[PDB]
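> Take a look at the following structure, please.
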Amino acid sequence: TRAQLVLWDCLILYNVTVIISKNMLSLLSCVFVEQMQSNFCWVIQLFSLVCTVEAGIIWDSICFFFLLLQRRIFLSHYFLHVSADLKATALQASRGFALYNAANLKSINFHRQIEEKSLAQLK
Amino acid sequence: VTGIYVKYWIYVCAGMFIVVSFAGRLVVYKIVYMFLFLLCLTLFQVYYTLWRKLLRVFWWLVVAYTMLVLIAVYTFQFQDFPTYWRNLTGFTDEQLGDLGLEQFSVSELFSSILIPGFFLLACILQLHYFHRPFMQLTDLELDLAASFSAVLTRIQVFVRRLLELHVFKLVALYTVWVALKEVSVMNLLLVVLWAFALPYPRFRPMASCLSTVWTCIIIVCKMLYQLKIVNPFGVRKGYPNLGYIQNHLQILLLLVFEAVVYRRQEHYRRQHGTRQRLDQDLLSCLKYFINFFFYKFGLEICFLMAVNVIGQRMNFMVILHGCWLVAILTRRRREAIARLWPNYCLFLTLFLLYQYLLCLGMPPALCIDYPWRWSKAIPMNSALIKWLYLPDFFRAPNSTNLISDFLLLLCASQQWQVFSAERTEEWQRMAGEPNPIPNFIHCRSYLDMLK
């Protein structure tokens with residue numbers, strides 16, 4: 001958890017940093033439109049800008065709200081159950097491998113009994 | 001019917017206020033008397049214990065003042081005595097003539113009679129209900145209806161318990177709405193002062209009383225300034241004047257009513273492991289979830305409030321304090337961040353004052369526009385004025401900053417609640433830990449499957 005939480009926290013840092021950056025671009029775009037309109041005619045293709053003078057950053061902001069709820073969940077220690085699950089991953093494949101091959105073996109082995117049953121008619 | 005009539009005590013006061021308010025054309029003397037009566041009622045409400053000492057006397061005095069006003073209305077019909085009054089006093093009867101010494105139309109006569117008639121009805125109600133009956137009245141109270149009534153009583157009690165937070169929120173909401181609708185001297189200042197006094201608990205009741213007093217003063221000034229006469233500028237003088245402080249006055253009255261209701265609830269209160277409880281059923285987990293969630297997660301909640309307002313407002317100074325917030329988040333330690341917050345609370349308050357001052361424009365000293373604001377070749381131009389906040393011939397910009405500020409102040413208050421969060425050993429006690437959790441590998445509790 002410690003490494004993942006710190007790195008992910010940096011991810012959140014990225015998120016909020018983007019919040020500040022769009023506020024910056026939006027404010028500069030609103031304050032001045034003439035020079036930006038003239039060159040940012042092509043830049044607008046690069047990036048669409050803000051209104052003449054639903055709206056706002058709603059989808060991202062709400063993702064932030066849910067994101068905040070989840071980081072707190074992550075911080076909590078309820079993950080111990082999850083922890084078992086994660087360690088659990090390490091050992092399934094071999095058994096399932098055998099389970100898988102055994103199932104194939106079982107299928108093929110089961111297949112053979114019917115012909116001896118056929119042999120049983122012969123019996 | 002008898003019980004309802006006994007409980008029908010506040011109705012007389014409400015009727016008196018209604019008669020006072022919006023009584024058509026204002027008979028300056030009558031309007032002044034009505035405002036004075038309202039102010040006296042508020043003073044008594046604060047005095048409540050003193051008001052309890054002298055409440056019936058107050059009602060009788062109000063009835064007497066109403067009777068005096070009606071008698072005066074009759075007297076002004078005669079002309080010789082008003083002239084005598086003018087001679088003795090030394091002021092002109094021209095003002096009274098403007099008021100109207102004559103018995104006016106059916107609407108005016110009916111309204112005047114209703115006001116005296118309403119006063120008579122209220123006096124009769126006062127005689128019917130004793131002050132002691134009112135004191136008993138403070139306490140309040142086929143099968144499905146009774147069960148619903150009991151549940152409602154439990155609810156009402158819960159509302160009373162939550163009344164402190166609800167009252168603070170309501171007071172703030174009214175203040176913000178009033179400021180957003182109009183910004184004026186003492187108007188915003190009173191809200192700011194109240195925000196100043198929200199953190200300290202002990203001043204807060206006195207602060208509420210004083211905020212109510214300030215609101216009353218503002219309402220009185222608006223009533224005096226309901227119209228402009230001189231016409232020789234920081235004055236409303238609205239012709240309709242339907243609600244200059246009506247929302248504010250109503251909010252103050254509601255707060256006082258909440259306080260009195262709290263007193264009644266306290267008088268009634270004189271009469272007559274949680275965590276596993278969570279695991280049990282829907283009601284337990286939900287109640288625990290709500291109260292615990294907000295008191296512990298108010299940091300997250302404020303974070304939401306800040307993010308939403310910052311997105312909605314989108315201004316530079318607002319963004320800088322938001323930058324302060326992200327700096328705050330950088331720290332990953334709850335205790336250190338908590339240590340940092342109180343200074344940040346002081347910083348946010350300073351922000352509140354600074355932002356309001358920025359919103360302020362057209363200082364009363366100079367009637368003509370700003371010197372610094374220019375049509376000259378100064379490097380600033382229309383872009384800054386659109387971004388900047390100053391009323392002029394062109395614009396006074398958006399007032400979304402105040403709603404964001406509201407969020408800021410409430411968060412500061414919630415941060416103080418967070419201060420109670422590290423403290424309040426009994427409450428925090430509910431809030432090592434790895435050992436309890438494993439048991440619910442797949443707990444069968446209805447709540448557990450969802451969790």
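So you can find residues: chains in the structure tokens are A, B, ... in the order shown, residues in each start at 1, and ligands are numbered from 1 in order.
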Using only C-alpha atoms, I'd like every residue of chain A that has an atom within 10 Å of chain B; please write them out as a ChimeraX atom specification.
/A:6,9-10,12-13,16-17,19-20,22-24,26-28,30-33,53,55-58,61-62,64-66,68-69,72,76-82,84
> Please identify which residues in range 108-326 of chain B DSSP calls alpha helix (DSSP H) from the backbone, and express them as number ranges by chain.
B: 108-128, 131-138, 143-181, 187-197, 203-224, 246-270, 274-280, 282-313, 316-326
> Calculate how many Å separate CA of residue 103 in chain B from CA of residue 77 in chain B, rounding to one decimal.
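That distance, rounded to one decimal, is 6.7 Å.
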> Looking at B:1, B:418, B:407, B:68, which one is nearest to residue 334 in chain B, with distances taken over only C-alpha atoms?
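Of B:1, B:418, B:407, B:68, the one nearest residue 334 in chain B is B:418, counting only C-alpha atoms.
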